[PDB]
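In terms of the entry's author numbering, the sequence shown is residues 14 to 78, 83 to 134, 137 to 1233. Backbone N, C-alpha and C fix where the C-beta goes; we use that ideal spot for every residue, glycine too. Okay, structure first, notes after.
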Amino acid sequence: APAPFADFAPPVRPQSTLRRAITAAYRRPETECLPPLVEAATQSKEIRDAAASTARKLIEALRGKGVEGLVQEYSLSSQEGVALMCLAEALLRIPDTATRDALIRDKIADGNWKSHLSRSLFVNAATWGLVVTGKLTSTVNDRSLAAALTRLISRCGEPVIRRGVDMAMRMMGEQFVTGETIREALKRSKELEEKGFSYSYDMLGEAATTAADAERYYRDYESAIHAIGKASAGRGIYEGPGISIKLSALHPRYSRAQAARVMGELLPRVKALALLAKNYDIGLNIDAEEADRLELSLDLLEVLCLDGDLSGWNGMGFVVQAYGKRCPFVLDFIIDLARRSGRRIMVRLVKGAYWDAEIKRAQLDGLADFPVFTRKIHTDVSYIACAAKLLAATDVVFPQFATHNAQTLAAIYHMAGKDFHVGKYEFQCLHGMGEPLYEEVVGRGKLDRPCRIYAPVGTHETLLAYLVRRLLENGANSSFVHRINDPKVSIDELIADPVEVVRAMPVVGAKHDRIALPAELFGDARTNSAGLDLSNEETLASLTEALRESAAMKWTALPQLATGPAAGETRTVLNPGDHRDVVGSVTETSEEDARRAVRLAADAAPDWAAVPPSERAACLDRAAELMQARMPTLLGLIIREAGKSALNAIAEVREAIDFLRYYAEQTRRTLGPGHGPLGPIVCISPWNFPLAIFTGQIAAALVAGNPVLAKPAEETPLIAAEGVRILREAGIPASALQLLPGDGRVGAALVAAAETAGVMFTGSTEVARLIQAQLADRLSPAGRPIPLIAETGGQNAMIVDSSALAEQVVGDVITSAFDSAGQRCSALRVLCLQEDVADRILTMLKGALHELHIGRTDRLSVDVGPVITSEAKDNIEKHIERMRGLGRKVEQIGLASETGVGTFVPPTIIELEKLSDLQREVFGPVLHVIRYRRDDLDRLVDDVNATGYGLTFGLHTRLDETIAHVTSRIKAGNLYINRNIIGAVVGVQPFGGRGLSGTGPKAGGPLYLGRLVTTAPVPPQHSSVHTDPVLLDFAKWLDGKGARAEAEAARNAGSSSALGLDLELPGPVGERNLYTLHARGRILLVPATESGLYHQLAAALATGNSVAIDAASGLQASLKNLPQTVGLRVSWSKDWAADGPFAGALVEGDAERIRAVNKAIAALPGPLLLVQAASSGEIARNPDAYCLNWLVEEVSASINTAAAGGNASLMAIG
Ligand SMILES: Cc1cc2nc3c(=O)[nH]c(=O)nc-3n(C[C@H](O)[C@H](O)[C@H](O)COP(=O)(O)OP(=O)(O)OC[C@H]3O[C@@H](n4cnc5c(N)ncnc54)[C@H](O)[C@@H]3O)c2cc1C
Ligand SMILES: O=C(O)[C@H]1C[C@H](O)CN1
Ligand SMILES: O=C(O)[C@H]1C[C@H](O)CN1
């Protein structure tokens, strides 16, 4: 039995002093990075004057010497220009020229283009939008583009189509790429090579998703090296052409978490390519990618440069990104490696291509700081400082200064001084972008310095995949190329010296004012939880030790009553990934002690309610600080007791911290003396989030003033006991928080106890239904139903159309379906693929499936851990085998023999014919896949809704018409557009669904605390200026019947309702997080009196709902001659079970009537109804007898606005 965490994340090699200096700088404060860069980049006044003169001369030449001319000739609007280029792109998908010209002449020009051109014409319109307008719009208004295309064709005919086709052909064949193939690119390179330029070819591959993809990119690089080497014809690595590669293209799991596979499988591939480049004597450059891949790539560079089989060749090259805080330290490492190996490493200094993605990622992950600068001028100073370091080492490395910025260029030209020879250093630029500048540099008649052109090579499909990111390199508001084209920017502005500008700022190196540190994402409202960087070797080393220490601890969980720990039956808790690993011991609660616990909580209820809300919130904030400090140890317990990966354990502890701080802040915003506690609340928590949901339910109940009986899942008591220890240490009294470990007998006794005043349950729908039936037997002392918040499963779908990017889809599907072994309630269960792209995406999905590592989760390399119990495993496998036996196609990964000691299910893909083939939630790593025809999209949405669930839902599309259609018709609580569907963030995507998925209100949202008090407060931001029009028609009808008081109450309900609330919640960059209040659906009305019915109807209509009114009330004659608008919303029900599903209920009657109706409602099949009851007298006395908070439905929508390849808002931040 391997020792826990003994092999968690060992580094590829011991970290040298130089390597440790790199890691130390990963997230160094920006104010600390800049001063040494300013010093290194300083030059004499004479040089600064000379450089500014050279920069001015270059800029004057640039300003002194396609799409815009076409837009001008045909008087096109922006949208017409975009639509025309999309049409041209589509016409170029037609291979035969004569067939294309005939279609243009005979079909496209004369009328309907739609009739002749499964795939929207406008799939890539975000890219063409950048080309035409210079602005990035993340999604495509395809109806606007269709209108514009019809308009321009009907106005201008074939001539404009011809001009568009020829323009797109030139751009996609000669500007965005040097050529479609390496042979074509090589042919076109001779012209500028004769003028003194050189070339490095970029084959445009990246981000392999499957082994087959990586093999394809490998053979593409190999064939390109042959073509380039044959063409080089012995010119060598400086005069002759080279190749550039991306490591992410060569392996589907290129990450620090998979470092062993990277060194074992990726390294030999790079070696084989490098050996071929050595034989032809050409350059081979390793491009730089995301920040979390930098240090891993150094391990490959180290091995290759030390490998004697590559000796004698100086063509190995490596990019370093000056926007990165580690850049000078990376350069120190590379220069030393060059000295040790004797290889003259070609070092390409760039600024960096992934800036906005790095900002978003650091924010999402809650890390200490960014790994890149946040002010553009800081990157500029960094670049010049790093150029000074490189120019001092030209005997051991070959510096390659890639930049289009004439000020940067001039500074380095003068820094390098007067002595020059080919091979000392060079500049570099991008094909079809940097030549105007560098034609003022190359040649004896200019500055006599060489320039290497980075030349993309590929087909239209390949070049369009990441063209947005490339366009943003030179197209943002702070980009030199954008500014030189802006006439409002003077040459004096362009030649400003960033080194001296930074030196003179008040605070040198200050973070950009408009970019929030991850900790400050929520500003003054609350402090964001902090995560851990699993790509940082210092973090991995310290975590390894903390995790090992956590596994040596004798974890226990006991019945912790108000009076002290109680005795009980004691058993061990075993690691689900390896039952030989005993995690701890649990003593379970007797039924007698559970009943005693409720009585003790009732006795203590006044003393806890008397603790002022601000002080209760302070306990929660203290507990959050304690959990943050304890995170490494908490990770270890979650990993071993609950079977989670480290990554998911971090996110869970973060969620617990976020719940504590969110409910504390919401309390500080709302709770006062009139919002009295319910009383003792029984909190029943699940094993799949045994810290986060455990903590969230309990923290909310406590901070609202209620003592808590905490019943954790039988499988996961240890983390629960630790959460209770932390809450008590933070100041929660033992009488206010009692822990009752055990099985369902304990939960049942707690629910049934007469003093239990409310229940918070997260778990299965079937158990929630049993709890509901027990609670319906009771009323509060006030004679009202006992509140139940019951959050249950989902049958969560994702719809993918032909405009989505397959690589993005597959990554989001693999994560959503198989993360946490599919044991998230949010997990993706049914993937729906548009028929035209289904086979391609399915092939990629199956290939990605087989790259997952399944095993015991005390290793960083494990992607999917065990399921929670043998019973869970057996249930899941029985489903898989039933599907297999029905002839459905089943794909499964093979499991290692080491899995036999635990309870594992392999990630599995099952292809179904129709959604209805799936009849039950399968709570494991099992993705079902269906296909749909585009015209059947609306029926498919019906099929998704038809399950009766409504928790999470995903949509991958670029098309606004499809977003509008699908999001308006889907009925789910948590929507996700162009991203995964898991990991809802407290206060950002408030979490919870409808129908069979939950009662609400949403956890991590602003209505939650109000359900835990007898009189609900007004939540922050909770209002709406919109009045339901059927409500208004009803109020007029009441006035016409003479029911003046009820008409006034109806108008007041119309105003009080928050239906229509539509907010954007603060969160990370590159995402829009929306929170909206809608109608719930059809509310069951059980009135007793005419006035009661009018009040019930007013409340339901003001919140946008329809109603079914109990026909047994005998009140039909009270609703004669309704306006048709109101009649459309009103039905009468004799058989309530036949007329559902309902989305809530309002009941009028005395206590006995309320109890009988509540029991009848619990018997209705389908969703658990949120029931509100009042007596006739309460309706007369209290305008809020029926609270409108519970008659609306919350919807969260999270849209990934960076999905098109970059962040439009961040293009303005420099
Ligand atoms: C030949 C060549 C090879 C390249 N190879 C790579 C590669 O392997 N890896 C890679 O990542 N990119 C690569 N690049 C791209 C390069 O990193 C730049 O993104 C791009 O060339 C524009 O920078 P600049 O010096 O041309 O112009 P500039 O307008 O001077 O600089 C723009 C750059 O400033 C930086 N920046 C913008 N805003 C901010 C901000 N608010 N805070 C901090 N920094 C900011 C960004 O890095 C941005 O790209 C390459 C570029 C060329 C020409
Ligand atoms: O569970 C317990 O009893 C304690 C002991 C150690 O501190 C880990 N938690
Ligand atoms: O899995 C998720 O999406 C979130 C929702 C719940 O709070 C548990 N974690």
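query, result
"Limits of the unbroken beta strand (DSSP E) element including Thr-811", "Segment: none, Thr-811 is in no beta strand (DSSP E) and carries neither H nor E."
"Where the alpha helix (DSSP H) containing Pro-49 begins and where it ends", "43-53"
"Three-state secondary structure (DSSP) of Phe-1010", "strand"
"Backbone CA spacing between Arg-688 and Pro-1039 [nearest angstrom]", "7 angstroms"
"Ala-740 Cβ short of 7 angstroms to ligand 2 heavy atom set", "yes"
"Which listed residue (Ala-1164, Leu-101 and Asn-725) has its alpha carbon closest to that of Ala-621", "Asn-725"
"Close beta carbons around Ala-1170, own chain, < 7 angstroms, minus the five adjacent residues each side", "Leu-798 and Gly-802"
"Start-end ranges of the alpha helix (DSSP H) lying completely within the region 635-679, minimum 4 residues", "650-661"
"Reduced DSSP category for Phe-708 - H, G, I as helix; E, B as strand; rest coil", "coil"
"Cβ shell of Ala-246 (< 8 angstroms), same chain only, five flanking positions each side left out", "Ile-201, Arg-202 and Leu-205"
"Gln-194: CB within 7 angstroms of a non-hydrogen atom of ligand 1", "no"
"For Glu-588 and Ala-823, the rounded distance between their alpha carbons", "55 angstroms"
"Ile-1001 Cβ short of 7 angstroms to ligand 3 heavy atom set", "yes"
"At least three beta-carbon pairs within less than 8 angstroms, the region 211-222 to the region 461-473", "yes"
"Whether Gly-371 touches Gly-343 by CB criterion (8 angstroms)", "yes"
"CA nearest to the CA of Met-902, picked from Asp-552, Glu-930, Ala-1062 and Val-920", "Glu-930"
"Segment contact, 8 angstroms Cβ cut-off, at least three pairs: the region 768-778 with the region 985-999", "no"
"For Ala-668, the nearest candidate out of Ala-740, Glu-177, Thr-478 and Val-883 (CA to CA)", "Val-883"
"Environment of ligand 2 in chain order, Cβ to heavy atom below 5 angstroms", "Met-572, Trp-574 and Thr-575"
"Contact test: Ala-823 Cβ vs ligand 3 heavy atom, cutoff 7 angstroms", "no"
"Presumed contact (8 angstroms Cβ cut-off) between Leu-171 and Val-179, rounded CB distance", "6 angstroms"
"Proximal residues to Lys-530 (C-beta, below 6 angstroms), its chain only, five neighbours per side dropped", "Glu-43 and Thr-393"
"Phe-942 Cβ short of 7 angstroms to ligand 3 heavy atom set", "no"
"At least three beta-carbon pairs within less than 8 angstroms, the region 51-71 to the region 397-414", "yes"
"CA nearest to the CA of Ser-66, picked from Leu-87, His-433 and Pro-112", "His-433"
"Cβ neighbour criterion (16 or more within 10 Å) applied to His-898", "buried"
"beta-carbon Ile-669 near ligand 3 non-hydrogen atom, thresh 7 angstroms", "no"
"Chain-order list of residues whose beta-carbon lies under 8 angstroms from that of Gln-28 (same chain, five-residue window excluded)", "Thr-36 and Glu-556"
"Beta-carbon spacing of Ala-771, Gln-791 below 8 angstroms", "no"
"Rounded separation between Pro-469 and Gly-1086 - CA only", "46 angstroms"
"Beta-carbon spacing of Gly-1014, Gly-969 below 8 angstroms", "yes"
"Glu-611, buried or exposed, once every other Cβ within 10 Å from all chains shown has been counted against 16", "exposed"
"Pair within 8 angstroms by beta-carbon distance, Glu-1213 and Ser-1195", "no"
"Straight-line gap, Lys-58 to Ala-310 (C-alpha atoms, nearest Å)", "35 angstroms"
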